[PDB]
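What follows is a set of notes on a single structure, which appears directly below.
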Amino acid sequence: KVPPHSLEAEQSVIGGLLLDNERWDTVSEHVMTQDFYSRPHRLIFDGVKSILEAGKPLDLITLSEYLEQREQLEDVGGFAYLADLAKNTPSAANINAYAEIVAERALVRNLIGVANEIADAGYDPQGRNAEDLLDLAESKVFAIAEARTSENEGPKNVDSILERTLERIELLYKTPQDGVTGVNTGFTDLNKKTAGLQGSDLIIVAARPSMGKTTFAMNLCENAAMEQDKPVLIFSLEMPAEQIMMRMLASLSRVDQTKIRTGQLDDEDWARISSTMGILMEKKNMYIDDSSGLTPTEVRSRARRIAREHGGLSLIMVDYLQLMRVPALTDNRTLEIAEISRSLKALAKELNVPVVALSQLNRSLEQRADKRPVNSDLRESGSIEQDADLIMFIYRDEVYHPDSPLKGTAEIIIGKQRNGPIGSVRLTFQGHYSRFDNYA
Amino acid sequence: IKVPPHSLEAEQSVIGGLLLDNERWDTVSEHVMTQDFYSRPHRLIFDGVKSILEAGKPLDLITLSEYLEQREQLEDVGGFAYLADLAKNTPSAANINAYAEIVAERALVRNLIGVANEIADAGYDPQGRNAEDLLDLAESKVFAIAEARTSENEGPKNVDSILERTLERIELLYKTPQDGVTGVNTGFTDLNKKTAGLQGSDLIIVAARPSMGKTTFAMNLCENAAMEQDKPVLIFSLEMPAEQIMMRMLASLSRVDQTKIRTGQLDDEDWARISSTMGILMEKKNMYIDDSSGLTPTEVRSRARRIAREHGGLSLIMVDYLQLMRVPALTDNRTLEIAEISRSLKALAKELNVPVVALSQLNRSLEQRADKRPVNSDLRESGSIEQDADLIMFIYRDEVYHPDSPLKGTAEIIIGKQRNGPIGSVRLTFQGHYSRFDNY
Amino acid sequence: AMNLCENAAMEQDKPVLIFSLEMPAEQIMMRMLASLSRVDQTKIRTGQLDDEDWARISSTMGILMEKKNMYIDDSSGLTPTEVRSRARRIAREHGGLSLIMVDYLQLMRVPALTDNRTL
Amino acid sequence: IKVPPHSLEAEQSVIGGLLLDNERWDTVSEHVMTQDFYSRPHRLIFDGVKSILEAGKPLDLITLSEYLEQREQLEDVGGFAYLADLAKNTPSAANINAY
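This is the structure in structure tokens:
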């Protein structure tokens with residue numbers, strides 16, 4: 022019975038912190054002084070923790086002088102062991118993964134000790150009742166949960182919630198003051214509430230059939246490929262790359278959609294098609310993947326490959342959230358959508374590019390007779406509210422009502438947005454040639 | 021020497037006592053089980069006694085021996101000589117209830133040791149189990165032993181204890197001039213007639229179909245509990261972060277339209293009402309919100325017990341979504357996952373003695389029904405909650421499905437199930453412009 | 238069912254046994270107090286009631302305390318083994334029973350036949 | 021003698037190359053599968069590399085070692101020494117797609 026520990030992983034956390042002091046911001050969230058195994062490794066990590074928390078510089082002699090003044094330098098292995106730790110593990114950036122190993126061994130090691138306490142108290146109760154021993158065993162397990170979850174999240178105090186609410190309200194004033202903070206949407210009305218497409222968050226655009234969810238997603242990619250220098254990546258699942266390019270050519274030249282997919286078109290229309298063809302060939306940013314069977318593993322691999330080849334991406338768009346599938350969760354449909362939503366959010370955090378994932382609403386709003394898409398309607402499809410930050414819906418009043426005042430105007434109603442404010446942004450729509458425009 | 025906790029002498033007196041006095045089985049059956057007995061021979065004799073006494077009332081040396089002779093288990097026990105010796109060895113009647121409690125207590129301690137050994141063996145050999153996964157697995161094994169406990173010898177009570185409890189509840193109802201609140205005040209005088217205060221020992225599940233305002237009604241219950249009750253309230257946020265929850269709560273506290281807070285720019289008059297209610301919330305200090313998306317029933321019970329230990333005790337625990345919570349042990353079966361969460365939330369309400377308002381969403385089966393009124397049987401499709409939760413109330417506004425409805429701006433809280441008090445449709449007005457439920 | 242137990246507890250000398258599964262013993266006693274004093278059900282479960290109604294509830298309280306026959310078991314999880322054992326236990330402690338009432342036949346459950354609902 | 025069509029030397033360079041360059045997985049995953057590898061030891065190492073690179077970006081001598089150690093497959097492969105020997109034996113990056 023050897024205790025669960027990884028002495029090799031502890032050496033790389035300590036050794037990595039001496040080489041890169043800026044890693045402490047992430048390392049402190051994973052490992053604790055108690056989480057380290059053995060007395061020598063705990064004394065070194067306690068010195069590193071005490072130094073990096075107040076005095077920014079930490080090196081071979083900074084850590085040595087902290088231990089020398091506390092009569093613990095010889096106890097850890099002298100100056101030679103502290104200097105040989107840098108020689109032993111010179112692998113930076115992977116310190117977060119090494120800390121996770123040490124933290125996992127510690128939580129498993131604590132569980133073994135806690136279970137052994139219960140086992141020894143069962144054999145030798147010393148006047149303890151079965152009910153008393155049961156509550157004692159629960160309290161020992163509850164203690165490990167208290168130390169593990171108190172580092173990152175828990176029940177925040179009123180003062181902290183008031184501080185985080187007022188800072189969020191003040192940030193809403195400066196949303197149309199800064200302007201585009203990255204990816205330009207193309208719609209000046211949308212740029213007031215969105216204030217540029219942020220890279221660190223997931224954007225989910227949902228619409229009930231006939232609203233034009235694919236059309237709005239294509240229009241966002243249209244402006245991103247021309248304004249932003251970095252290329253755009255589109256995962257086609259609903260329709261092939263040929264149909265996507267035919268729809269994009271209609272918006273680029275304002276020529277009616279029907280003429281492109283039919284073939285028969287005027288010489289004037291062909292001149293407008295040929296004029297936009299040259300500008301599209303000079304930019305070279307449209308990368309489309311017409312694969313029907315796409316798994317979240319293949320999506321993340323293809324996005325990381327294209328970003329590595331051309332420096333970096335700018336916007337990743339998915340044609341359908343429900344068309345993607347994970348082979349491990351083929352039985353449970355509820356947890357399949359939640360895993361895809363998590364995988365798409367992780368891709369947006371890793372690549373730092375805005376991810377526009379398209380999704381479809383449930384048929385529950387059809388029997389409601391109001392038909393305005395609320396953020397709670399998409400919850401039926403899967404868990405996306407906790408993962409995606411920006412959730413905008415497409416609602417055109419002419420689809421459900423023929424005598425509607427919004428004739429040819431679809432309002433992009435933002436139902437959820439952490440970075441900026443929410444609201445109904447009216448934009449005109451031309452269904453004859455698939456092109457969303459600014460409402461006057 | 022690690023000898024398993026057992027009392028072979030106590031098992032012989034339960035078996036021996038049942039042979040001498042067959043009328044003791046009425047009390048003995050409530051304490052001991054066939055599984056509770058230690059070793060194969062004692063379990064075979066007790067199983068025979070259990071099968072015989074139940075239907076074939078006469079039980080003796082010849083009845084017990086012939087039951088085992090026909091099943092080829094008599095020789096395994098020790099022939100007839102062993103069964104006849106148990107009547108001779110223990111001729112002490114009436115104390116059988118005390119001997120059974122010893123056997124039941126030894127079995128619980130023996131199971132606790134086996135449960136601790138399971139955790140210890142799983143720690144040494146995880147086979148791909150994470151530290152978080154192993155922690156939740158260790159808690160679930162301990163929780164199972166506590167589930168078989170909490171019986172407290174429930175039986176037929178006399179009229180003296182029922183009338184004493186009934187008179188004390190009736191006499192307490194005269195203290196309130198017209199409130200009728202036996203604890204947590206809901207804030208709605210119409211709701212206080214049927215609910216009669218939020219009881220702590222039971223689980224309250226509020227369910228509503230999207231667009232009804234389930235989050236709005238849950239926030240309004242926490243609003244009055246944080247101001248009226250001295251003990252703090254705990255809210256587990258899964259659907260929306262603590263910032264959005266505080267923005268919605270500020271709209272109800274000052275009657276300022278919801279749109280102005282989440283957008284930014286608002287009038288100086290509106291800011292004065294927000295600043296006036298800020299000082300009221302700062303003096304009370306009861307709103308504790310946990311904006312964690314990944315919440316397991318182990319982490320929920322640990323975070324509720326932590327706050328109920330720091331500030332003396334809690335007053336009301338609210339969950340944003342029942343379906344957003346997940347148990348790693350039941351990720352494959354969705355049916356038994358919801359039933360375990362419903363059981364864990366009910367156990368939290370019994371242990372902490374505070375009303376737990378768990379929010380849940382109805383199935384889309386009521387949309388095709390055309391009746392639109394959600395019945396208690398519609399939530400059964402989501403999971404087993406009827407047997408665990410005592411108070412189940414639904415939110416139904418007639419203006420959501422019908423535009424020409426007479427209930428314009430009035431949502432009726434229809435109570436479908438309530439063990440403590442009576443059920444019925446309680447009409448209450450609703451203001452969707454600033455998220456605030458009021459008295460009709 | 239409550240009205241049948243009402244007359245059996247007053248007329249017969251032997252006590253009555255009621256197995257509550259649908260509603261607790263508190264709700265059963267509140268409903269029984271409404272029939273014993275003819276005061277509207279709503280006033281008892283709400284709390285607010287007149288001084289005239291207070292005297293009728295207090296008068297019937299002493300009548301029920303002199304007889305001592307209502308034995309209620311507010312257990313939700315009741316198996317046929319536990320029902321027979323508790324019925325035999327009360328009939329042994331108090332000489333003998335007089336009427337056994339069950340709140341719900343479908344709420345009772347046998348662990349051996351949990352799969353087959355028909356049997 | 022009917023010797024099966026295999027290349028143990030080519031399997032060692034794919035595994036060894038993935039430990040030196042984690043960014044190669046984008047192209048390597050398109051060519052090889054866990055089933056494609058010959059013998060039980062090479063399949064256990066490649067399955068660990070596949071499971072790690074698909075979610076947790078860092079993969080090295082101790083990341084792969086800890087995955088196999090927790091599942092009781094480290095000694096069945098050849099201890100830690102065999103995993104460290106693959107980095108030493110084949111230090112040829114970029115040609116992993118051909119292997």
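In order, the protein sequences belong to chains A, B, C and F. With the first letter of the first sequence counted as 1, position 329 gets the number 350 in the deposited numbering; the numbers rise by one all the way through. With the first letter of the second sequence counted as 1, position 271 gets the number 291 in the deposited numbering; the numbers rise by one all the way through. With the first letter of the third sequence counted as 1, position 28 gets the number 265 in the deposited numbering; the numbers rise by one all the way through. With the first letter of the fourth sequence counted as 1, position 6 gets the number 26 in the deposited numbering; the numbers rise by one all the way through. Here a beta-carbon is modelled for each residue, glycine too, at the ideal position from N, C-alpha and C.
Task: Nearest-angstrom Cα separation, counted from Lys370/A out to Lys305/A - done: Straight-line Cα distance between these residues: approximately 25 Å.
Task: Proximal residues of chain B, C-beta to C-beta of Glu92/F below 8 Å - done: Against chain B, the beta carbon of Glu92/F has neighbours under 8 Å at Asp145 and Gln147, listed in chain order.
TODO: Output yes if chain A places a C-beta closer than 7 Å to the C-beta of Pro78/F; else output no.
DONE: Yes - at least one Cβ of chain A is within 7 Å of the one on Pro78/F.
Task: Proximity below 7 Å, CB of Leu218/B to CB of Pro375/B - done: Yes.
TODO: Mind reading off the beta-carbon distance from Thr430/B to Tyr460/B? Whole number of angstroms is fine, and I expect it under 8 Å.
DONE: Right, their Cβ atoms sit about 6 Å apart.
- [ ] Determine, using beta-carbon pairs with one atom in the region 141-158 of chain B and one in the region 122-130 of chain A, whether at least three such pairs fall under 8 Å.
- [x] These segments touch.
TODO: Would you mind working out which of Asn212/A, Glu401/A, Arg417/A and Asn396/A sits nearest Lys437/A, comparing C-alpha positions?
DONE: Of the candidates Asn212/A, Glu401/A, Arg417/A and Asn396/A, the one whose C-alpha sits nearest the C-alpha of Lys437/A is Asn396/A.
Task: Cβ distance (whole Å) where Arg417/A is taken to contact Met232/A below 8 Å - done: Confirmed, Cβ separation roughly 6 Å.
Task: Reference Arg321/A; option with closest CA among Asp290/A, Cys242/A and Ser362/A - done: Nearest Cα to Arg321/A within the set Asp290/A, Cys242/A and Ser362/A: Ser362/A.
- [ ] Measuring only between beta-carbons, confirm whether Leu448/B sits less than 7 Å from chain C.
- [x] Chain C contact via Cβ: absent.
Task: Neighbour flag for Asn353/A against chain B, beta carbons, 7 Å - done: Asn353/A counts as touching chain B.
Open item on the list: Let's see if you can read the secondary structure: which residues bound the beta strand (DSSP E) around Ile337/A?
Closed with: It spans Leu336 to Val339 - the beta strand (DSSP E) in which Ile337/A sits, taken as one unbroken run.
Task: Secondary structure, alpha helix (DSSP H): runs of 4+ residues fully inside the region 130-215 of chain B - done: Complete alpha helix (DSSP H) runs here, min 4: 151-168, 179-192 and 211-214.
Task: Whole-angstrom distance between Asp290/B and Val276/B, CA atom to CA atom - done: Between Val276/B and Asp290/B, the C-alpha separation is close to 6 Å.
Open item on the list: So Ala262/C contacts chain B; which residues on that side make the cut at Cβ distance below 7 Å?
Closed with: Correct list: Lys177 and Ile182.
TODO: Return the CA-CA distance between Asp67/F and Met53/F, expressed in angstroms with no decimal places.
DONE: Cα to Cα, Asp67/F sits roughly 9 Å from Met53/F.
- [ ] Taking only heavy atoms of the ligand COA into account, decide whether any of them is closer than 6 Å to the Cβ of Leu368/A.
- [x] Absent from the structure shown: the ligand COA. Ligands present: none.
Task: For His62/A and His26/A, the rounded distance between their alpha carbons - done: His26/A and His62/A: Cα-Cα distance of roughly 12 Å.
- [ ] Return helix, strand or coil for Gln90/F, following the three-state DSSP convention.
- [x] Helix at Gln90/F.
- [ ] Kindly provide the ranges of any alpha helix (DSSP H) runs that are 4 or more residues long and lie completely inside the region 247-286 of chain C, ordered along the chain.
- [x] Secondary structure in the region 247-286 of chain C: the alpha helix (DSSP H) runs of 4 residues or longer, each lying completely within the stretch, are 262-274 and 278-283 in chain order.
- [ ] Following the continuous beta strand (DSSP E) through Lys22/F, name the residue where it begins and the one where it ends.
- [x] Per DSSP, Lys22/F belongs to no beta strand (DSSP E) and is neither H nor E.
Task: Cα-Cα separation, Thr110/B to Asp41/B - done: For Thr110/B and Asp41/B, the gap between their C-alpha atoms comes out near 12 Å.
Task: Contact the region 398-412 of chain A vs the region 398-412 of chain B: 3+ CB pairs below 8 Å - done: Judged by Cβ distances under 8 Å, the region 398-412 of chain A makes no contact with the region 398-412 of chain B, as fewer than three pairs qualify.
Task: For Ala245/C, the nearest candidate out of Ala292/C, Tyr308/C and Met298/C (CA to CA) - done: That would be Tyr308/C, whose Cα lies nearest to the Cα of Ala245/C.
Task: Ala104/B to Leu81/B span [Cα, whole Å] - done: Going by the C-alpha atoms only, they are around 6 Å apart.
- [ ] Return the first residue and the last residue of the alpha helix (DSSP H) that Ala101/A is part of.
- [x] Per DSSP, the continuous alpha helix (DSSP H) segment holding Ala101/A begins and ends at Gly99 to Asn109.
Open item on the list: Any C-beta of chain A within less than 8 Å: which residues of the region 400-426 of chain B qualify?
Closed with: Those would be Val420, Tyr421, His422 and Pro423, in chain order.
Task: Nearest-angstrom Cα separation, counted from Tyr102/A out to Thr355/B - done: The straight-line gap from Cα to Cα measures roughly 55 Å.
Task: Where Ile337/C meets chain B, residues with beta-carbon distance less than 7 Å - done: The contacting residues do not exist; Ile337/C stays about 10 Å from chain B at best.
Open item on the list: What does the alpha-carbon distance come out to for the pair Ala349/A and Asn353/B?
Closed with: The alpha-carbon atoms of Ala349/A and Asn353/B are separated by roughly 14 Å.
Open item on the list: Could you check whether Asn115/A and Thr47/A sit closer than 7 Å to each other, using their CB atoms as the reference points?
Closed with: It is not a contact, given that the beta carbons lie outside the stated cut-off.
Task: Neighbouring residues, chain A, relative to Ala271/B (Cβ below 8 Å) - done: Near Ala271/B there are no residues of chain A at all, since even the closest Cβ is about 12 Å away, more than 8 Å.
Task: Within chain A, partners of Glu31/F - CB distance below 7 Å - done: In chain order: nothing, as chain A lies at least about 21 Å away.
TODO: Note down, in chain order, all residues in the region 268-299 of chain C with a beta-carbon under 7 Å from any beta-carbon belonging to chain G.
DONE: No chain G appears in the structure shown, which is made up of the protein chains A, B, C and F.
TODO: Between the Cα of residue 463/A and those of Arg229/A, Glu387/A, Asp288/A and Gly207/A, spot the shortest distance and give me the residue it belongs to.
DONE: Nothing about residue 463/A can be read from this structure; chain A reaches only from 22 to 461.
- [ ] Check the Cβ of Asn373/A against every Cβ in chain F and list those closer than 7 Å, keeping chain order.
- [x] Annotation: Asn373/A has no Cβ neighbours in chain F at a cutoff of 7 Å; minimum Cβ distance is about 14 Å.
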